[PDB]
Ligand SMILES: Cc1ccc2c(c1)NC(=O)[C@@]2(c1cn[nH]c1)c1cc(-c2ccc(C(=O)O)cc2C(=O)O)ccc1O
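Below sits a lone chain in structure tokens, taken as the form deposited without this ligand.
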């Protein structure tokens, strides 16, 4: 499986950082604190694809953790899920790990492959969790990607 290392920023230009072991949060970041931003390994996985819709998994660089979409208290929910490090990343990632990376107007949306029309989202307010949202409103669902060495 092929992977690229990257960071993500939402379209309000908030960076993503760890909020405890199994949550991300989004905040405006610049300067020295830049290094606290999460580096992803974006893997290009099996699934239905088009010019503008590319299935990916989002693992945390050199951690056995992946963003995962599951029902929690009966709602689609974003979580950070641990995996066996000897078996990941792999080309046939389980559906809960797969996001359709969609380019629209020079930005990126990450739709859950498991839960159609639910998206990786951030709040307008600073220091709030990254979450799975079913509305494209006040919540932000557009991102840019930055390549890292």
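Positions refer to the first chain, counted from 1. In this text, the rigid core denotes the largest set of C-alpha atoms whose superposition between the two forms falls within 1.5 Å.
What follows is about the form solved in complex with this ligand, which we do not show.
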Taking this ligand in the entry with it bound and overlaying it onto this form via the surrounding C-alphas, would you call the pocket open or blocked, using 3+ ligand atoms within 2.4 Å of backbone or C-beta atoms as the cut? blocked
Taking any heavy atom pair closer than or equal to 4.5 Å as contact, tell me whether residue 48 reaches this ligand in the entry with it bound. yes
Contact label in the entry with it bound: residue 91 to this ligand, heavy atom within 4.5 Å: yes
Answer with yes or no whether residue 43 is in contact with this ligand in the entry with it bound, where contact means some heavy atom within 4.5 Å. yes
Non-hydrogen atom contact residue 123 with this ligand in the entry with it bound at 4.5 angstroms: no
Out of 45, 120, 26, 113, the residue that alone shifts its CA by 2 Å or more between this form and the one not shown when the rigid core is the reference: 45
Have a look at residue 49 and residue 7: in the entry with it bound, are their Cα atoms closer together or farther apart than in this form, given the change is 3 Å or more? closer
Cα-Cα trend for residue 46 and residue 120, given that in the entry with it bound the distance shifts by 3 Å or more: farther
